[PDB]
file final_15.pdb (PDB, C-alpha atoms (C1' of nucleotides))
MODEL        1
ATOM      1  CA  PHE A   9     -60.152  58.197-129.377
ATOM      2  CA  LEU A  10     -57.523  56.016-127.642
ATOM      3  CA  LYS A  11     -54.869  58.349-126.145
ATOM      4  CA  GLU A  12     -56.865  58.825-122.944
ATOM      5  CA  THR A  13     -55.768  55.523-121.398
ATOM      6  CA  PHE A  14     -52.013  55.338-122.040
ATOM      7  CA  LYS A  15     -51.222  58.201-119.682
ATOM      8  CA  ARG A  16     -51.576  56.125-116.514
ATOM      9  CA  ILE A  17     -49.944  53.044-118.023
ATOM     10  CA  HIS A  18     -46.610  54.717-118.683
ATOM     11  CA  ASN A  19     -46.539  55.950-115.100
ATOM     12  CA  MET A  20     -46.103  52.256-114.311
ATOM     13  CA  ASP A  21     -44.032  51.774-117.488
ATOM     14  CA  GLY A  22     -46.336  49.249-119.139
ATOM     15  CA  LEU A  23     -45.693  50.643-122.592
ATOM     16  CA  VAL A  24     -42.455  49.178-123.946
ATOM     17  CA  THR A  25     -40.572  50.366-127.013
ATOM     18  CA  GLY A  26     -37.618  49.049-128.972
ATOM     19  CA  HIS A  27     -36.769  46.091-131.180
ATOM     20  CA  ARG A  28     -34.697  44.220-128.593
ATOM     21  CA  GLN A  29     -37.337  44.695-125.889
ATOM     22  CA  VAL A  30     -40.567  44.174-127.820
ATOM     23  CA  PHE A  31     -39.302  40.856-129.195
ATOM     24  CA  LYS A  32     -38.536  39.406-125.789
ATOM     25  CA  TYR A  33     -41.766  40.632-124.182
ATOM     26  CA  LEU A  34     -44.030  38.804-126.614
ATOM     27  CA  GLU A  35     -41.926  35.619-126.710
ATOM     28  CA  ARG A  36     -42.569  35.234-122.990
ATOM     29  CA  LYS A  37     -46.310  35.367-123.764
ATOM     30  CA  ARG A  38     -47.409  38.274-121.604
ATOM     31  CA  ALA A  39     -48.720  40.869-124.053
ATOM     32  CA  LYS A  40     -52.145  42.256-124.907
ATOM     33  CA  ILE A  41     -51.708  44.226-128.138
ATOM     34  CA  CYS A  42     -48.854  45.523-130.264
ATOM     35  CA  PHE A  43     -48.306  48.281-132.792
ATOM     36  CA  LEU A  44     -46.172  49.003-135.819
ATOM     37  CA  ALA A  45     -44.752  51.711-138.090
ATOM     38  CA  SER A  46     -46.561  53.292-141.012
ATOM     39  CA  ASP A  47     -43.505  52.056-142.923
ATOM     40  CA  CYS A  48     -39.796  51.380-142.429
ATOM     41  CA  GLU A  49     -36.761  50.819-144.607
ATOM     42  CA  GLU A  50     -36.611  47.047-144.174
ATOM     43  CA  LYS A  51     -39.468  44.612-143.894
ATOM     44  CA  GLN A  52     -37.378  42.551-141.464
ATOM     45  CA  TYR A  53     -38.145  44.874-138.577
ATOM     46  CA  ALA A  54     -41.770  44.844-139.726
ATOM     47  CA  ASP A  55     -42.491  41.553-141.467
ATOM     48  CA  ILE A  56     -40.414  39.528-139.004
ATOM     49  CA  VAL A  57     -42.387  40.697-135.990
ATOM     50  CA  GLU A  58     -45.780  40.555-137.694
ATOM     51  CA  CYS A  59     -45.583  36.789-138.195
ATOM     52  CA  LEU A  60     -44.110  36.269-134.742
ATOM     53  CA  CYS A  61     -47.229  38.034-133.436
ATOM     54  CA  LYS A  62     -49.820  36.462-135.722
ATOM     55  CA  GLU A  63     -48.130  33.121-135.146
ATOM     56  CA  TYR A  64     -47.712  34.190-131.538
ATOM     57  CA  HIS A  67     -53.780  40.957-131.994
ATOM     58  CA  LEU A  68     -52.203  43.782-133.985
ATOM     59  CA  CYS A  69     -52.958  47.330-135.077
ATOM     60  CA  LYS A  70     -51.400  49.976-137.301
ATOM     61  CA  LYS A  71     -51.524  53.779-137.099
ATOM     62  CA  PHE A  72     -50.605  55.510-140.347
ATOM     63  CA  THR A  73     -48.837  58.135-138.216
ATOM     64  CA  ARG A  74     -45.747  56.442-136.849
ATOM     65  CA  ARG A  75     -44.945  59.770-135.152
ATOM     66  CA  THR A  76     -47.903  59.628-132.774
ATOM     67  CA  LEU A  77     -46.437  56.381-131.500
ATOM     68  CA  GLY A  78     -43.518  58.317-130.077
ATOM     69  CA  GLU A  79     -45.123  60.851-127.755
ATOM     70  CA  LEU A  80     -48.125  58.685-126.956
ATOM     71  CA  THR A  81     -45.537  56.448-125.255
ATOM     72  CA  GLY A  82     -43.990  59.190-123.165
ATOM     73  CA  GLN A  83     -40.620  59.401-124.887
ATOM     74  CA  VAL A  84     -40.880  63.188-124.969
ATOM     75  CA  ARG A  85     -39.005  66.105-123.421
ATOM     76  CA  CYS A  86     -41.014  68.925-121.855
ATOM     77  CA  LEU A  87     -40.376  72.107-119.918
ATOM     78  CA  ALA A  88     -40.364  72.142-116.142
ATOM     79  CA  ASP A  89     -43.423  74.398-116.572
ATOM     80  CA  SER A  90     -45.725  72.038-118.507
ATOM     81  CA  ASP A  91     -46.281  72.260-122.264
ATOM     82  CA  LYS A  92     -43.358  70.595-123.992
ATOM     83  CA  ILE A  93     -40.127  70.871-125.989
ATOM     84  CA  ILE A  94     -41.858  69.548-129.092
ATOM     85  CA  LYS A  95     -39.075  66.947-128.926
ATOM     86  CA  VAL A  96     -40.315  63.486-129.916
ATOM     87  CA  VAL A  97     -38.347  60.338-130.695
ATOM     88  CA  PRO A  98     -40.111  58.401-133.464
ATOM     89  CA  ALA A  99     -40.811  54.967-132.044
ATOM     90  CA  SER A 100     -41.963  52.054-134.189
ATOM     91  CA  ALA A 101     -43.471  49.376-131.929
ATOM     92  CA  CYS A 102     -44.972  49.171-128.455
ATOM     93  CA  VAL A 103     -46.348  46.369-126.308
ATOM     94  CA  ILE A 104     -48.804  46.485-123.446
ATOM     95  CA  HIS A 105     -47.994  44.202-120.527
ATOM     96  CA  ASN A 106     -49.870  45.077-117.361
ATOM     97  CA  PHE A 107     -52.749  46.617-119.345
ATOM     98  CA  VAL A 108     -53.722  48.300-116.051
ATOM     99  CA  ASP A 114     -59.413  51.288-125.395
ATOM    100  CA  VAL A 115     -61.795  48.961-123.562
ATOM    101  CA  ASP A 116     -64.272  51.542-124.790
ATOM    102  CA  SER A 117     -62.911  51.431-128.349
ATOM    103  CA  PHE A 118     -62.896  47.633-128.246
TER
ATOM    104  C1'   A B   1       3.962 103.320 -66.054
ATOM    105  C1'   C B   2       8.697 103.100 -63.867
ATOM    106  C1'   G B   3      12.427 104.192 -59.583
ATOM    107  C1'   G B   4      19.331 100.398 -57.040
ATOM    108  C1'   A B   5      12.938 106.901 -53.673
ATOM    109  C1'   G B   6      10.422 107.304 -48.577
ATOM    110  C1'   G B   7       6.226 105.493 -45.551
ATOM    111  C1'   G B   8       2.331 101.884 -44.201
ATOM    112  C1'   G B   9       0.275  96.443 -45.219
ATOM    113  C1'   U B  10       0.284  91.279 -47.135
ATOM    114  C1'   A B  11       1.239  85.665 -49.106
ATOM    115  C1'   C B  12       4.814  78.451 -48.062
ATOM    116  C1'   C B  13       3.019  79.687 -56.554
ATOM    117  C1'   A B  14       7.708  84.590 -50.409
ATOM    118  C1'   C B  15      11.135  84.019 -46.153
ATOM    119  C1'   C B  16      12.485  82.218 -40.714
ATOM    120  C1'   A B  17      12.343  76.889 -38.156
ATOM    121  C1'   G B  18      11.945  72.181 -40.320
ATOM    122  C1'   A B  19      10.178  68.126 -43.547
ATOM    123  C1'   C B  20       9.970  65.524 -48.362
ATOM    124  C1'   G B  21      12.129  65.719 -52.793
ATOM    125  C1'   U B  22      14.438  66.734 -58.235
ATOM    126  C1'   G B  23      19.138  67.482 -60.809
ATOM    127  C1'   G B  24      22.915  61.232 -59.735
ATOM    128  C1'   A B  25      21.646  55.698 -62.565
ATOM    129  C1'   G B  26      17.954  52.070 -65.555
ATOM    130  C1'   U B  27      13.257  52.779 -67.710
ATOM    131  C1'   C B  28       7.883  55.063 -69.544
ATOM    132  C1'   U B  29       6.403  59.302 -72.020
ATOM    133  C1'   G B  30       6.760  64.302 -74.462
ATOM    134  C1'   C B  31      10.084  67.995 -76.554
ATOM    135  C1'   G B  32      14.531  69.698 -80.392
ATOM    136  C1'   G B  33      18.189  67.574 -83.730
ATOM    137  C1'   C B  34      19.912  63.161 -87.468
ATOM    138  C1'   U B  35      18.004  59.591 -90.872
ATOM    139  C1'   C B  36      14.306  58.172 -94.154
ATOM    140  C1'   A B  37       9.664  57.526 -99.424
ATOM    141  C1'   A B  38       7.180  59.388 -94.907
ATOM    142  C1'   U B  39       9.178  59.618 -90.203
ATOM    143  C1'   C B  40       1.914  64.453 -90.408
ATOM    144  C1'   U B  41       1.133  68.920 -87.263
ATOM    145  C1'   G B  42      -0.173  73.014 -83.047
ATOM    146  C1'   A B  43       2.161  75.181 -78.484
ATOM    147  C1'   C B  44       8.322  77.663 -76.445
ATOM    148  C1'   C B  45       9.589  81.811 -69.011
ATOM    149  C1'   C B  46       5.915  82.109 -65.094
ATOM    150  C1'   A B  47       1.300  81.931 -68.899
ATOM    151  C1'   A B  48       4.953  75.144 -74.476
ATOM    152  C1'   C B  49       7.204  69.922 -73.190
ATOM    153  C1'   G B  50       1.243  62.042 -69.955
ATOM    154  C1'   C B  51      -1.004  68.589 -73.192
ATOM    155  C1'   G B  52      -4.574  69.015 -77.809
ATOM    156  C1'   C B  53      -8.664  61.670 -73.377
ATOM    157  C1'   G B  54      -4.869  54.679 -74.875
ATOM    158  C1'   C B  55      -2.012  55.620 -82.862
ATOM    159  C1'   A B  56      -1.112  47.305 -85.884
ATOM    160  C1'   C B  57      -6.847  48.295 -89.628
ATOM    161  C1'   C B  58     -10.405  52.801 -88.918
ATOM    162  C1'   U B  59      -9.107  57.044 -86.200
ATOM    163  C1'   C B  60      -5.305  59.969 -90.181
ATOM    164  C1'   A B  61      -3.823  64.439 -91.812
ATOM    165  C1'   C B  62       1.756  62.190 -94.372
ATOM    166  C1'   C B  63       4.641  58.002 -98.365
ATOM    167  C1'   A B  64       3.993  54.065-102.890
ATOM    168  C1'   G B  65      -0.098  52.440-105.571
ATOM    169  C1'   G B  66      -5.534  51.708-107.652
ATOM    170  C1'   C B  67     -11.799  51.716-107.962
ATOM    171  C1'   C B  68     -16.325  55.563-108.056
ATOM    172  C1'   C B  69     -19.046  60.202-109.353
ATOM    173  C1'   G B  70     -22.525  60.226-104.950
ATOM    174  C1'   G B  71     -21.521  66.588-111.843
ATOM    175  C1'   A B  72     -27.810  69.029-107.574
ATOM    176  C1'   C B  73     -30.717  72.384-110.854
ATOM    177  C1'   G B  74     -31.635  75.528-115.743
ATOM    178  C1'   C B  75     -30.790  76.468-121.632
ATOM    179  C1'   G B  76     -28.998  74.146-126.788
ATOM    180  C1'   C B  77     -28.338  69.632-129.174
ATOM    181  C1'   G B  78     -29.003  63.787-129.381
ATOM    182  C1'   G B  79     -31.338  59.675-128.268
ATOM    183  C1'   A B  80     -35.370  53.810-127.926
ATOM    184  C1'   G B  81     -34.308  51.965-135.785
TER
ENDMDL
END

call {"tool": "encode", "arguments": {"input": "final_15.pdb", "output": "structure tokens"}}
result
Amino acid sequence: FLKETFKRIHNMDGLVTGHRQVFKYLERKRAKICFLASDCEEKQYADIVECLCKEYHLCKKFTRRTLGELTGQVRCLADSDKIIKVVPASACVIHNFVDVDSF
RNA sequence: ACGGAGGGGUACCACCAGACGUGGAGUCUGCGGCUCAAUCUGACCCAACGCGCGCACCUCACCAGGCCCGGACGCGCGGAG
């Protein structure tokens, strides 16, 4: 029960994905929560960020695939529905924050 | 329709009587030719030739050289590792 909120956020592009963008967003201290991958080949992309976040409010969804489409990042038809095309993200960061029910 | 046919009319883009001119020289401008990398093109009796409303840039088309995509919208694939 959390998908309901993200839909409006992405319309203002609050959700941010990617290793080179997530890093910089948190280091500026302007983030509310962050997410991870169920797994990944190298800890570095996982265990490097986790300390940088603990040292400087985390979750983890066992489905790393939900993290892709939940953050837009999806191709759909011009007629609604969708292509069933999803890029598998790995981390996202909420800036504006513009959920509260779940926490 | 035409007539080096006839008969009636008419007009300074026709004449009579006159006036002022051009074609003479220098020069402005436009037109064909020569040259050039280019010397962008239309128009050729009246009914083409300061006419297509003033060309150092734009205008600008032609000559020698270089940036940009500003490839709408649909299908397939790829993409935030």

call {"tool": "closest_residue", "arguments": {"input": "final_15.pdb", "among": "A:68, A:86, A:60, A:48", "to": "chain B", "atoms": "only C-alpha atoms (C1' of nucleotides)"}}
result
A:48

call {"tool": "residues_around", "arguments": {"input": "final_15.pdb", "residues": "residue A:24", "least_positions_apart": "3", "cutoff": "12 Å", "atoms": "only C-alpha atoms (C1' of nucleotides)", "output": "PyMOL selection string"}}
result
(chain A and resi 14+17-21+27-34+39-43+77-78+80-83+99-107) or (chain B and resi 80)

call {"tool": "resolve_selection", "arguments": {"input": "final_15.pdb", "expression": "the PyMOL selection byres ((chain B) within 10 of (chain A))", "output": "VMD selection string"}}
result
chain B and resid 74 79 to 81

call {"tool": "atom_distance", "arguments": {"input": "final_15.pdb", "atom1": "atom CA of residue A:95", "atom2": "atom CA of residue A:72"}}
result
19.9 Å

call {"tool": "residues_around", "arguments": {"input": "final_15.pdb", "residues": "stretch 63-69 of chain B", "least_positions_apart": "6", "cutoff": "12 Å", "atoms": "all atoms listed in the file", "output": "ChimeraX atom specification"}}
result
/B:36-40

call {"tool": "write_last_selection", "arguments": {"input": "final_15.pdb", "atoms": "C-alpha atoms (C1' of nucleotides)", "output": "PDB file, in the frame of the given file"}}
result
ATOM      1  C1'   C B  36      14.306  58.172 -94.154  1.00  0.00           C
ATOM      2  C1'   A B  37       9.664  57.526 -99.424  1.00  0.00           C
ATOM      3  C1'   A B  38       7.180  59.388 -94.907  1.00  0.00           C
ATOM      4  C1'   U B  39       9.178  59.618 -90.203  1.00  0.00           C
ATOM      5  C1'   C B  40       1.914  64.453 -90.408  1.00  0.00           C
TER       6        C B  40
END

call {"tool": "atom_distance", "arguments": {"input": "final_15.pdb", "atom1": "atom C1' of residue B:49", "atom2": "atom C1' of residue B:33"}}
result
15.4 Å

call {"tool": "atom_distance", "arguments": {"input": "final_15.pdb", "atom1": "atom CA of residue A:94", "atom2": "atom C1' of residue B:78"}}
result
14.1 Å

call {"tool": "closest_residue", "arguments": {"input": "final_15.pdb", "among": "B:19, B:13, B:34, B:59", "to": "residue B:46", "atoms": "all atoms listed in the file"}}
result
B:13
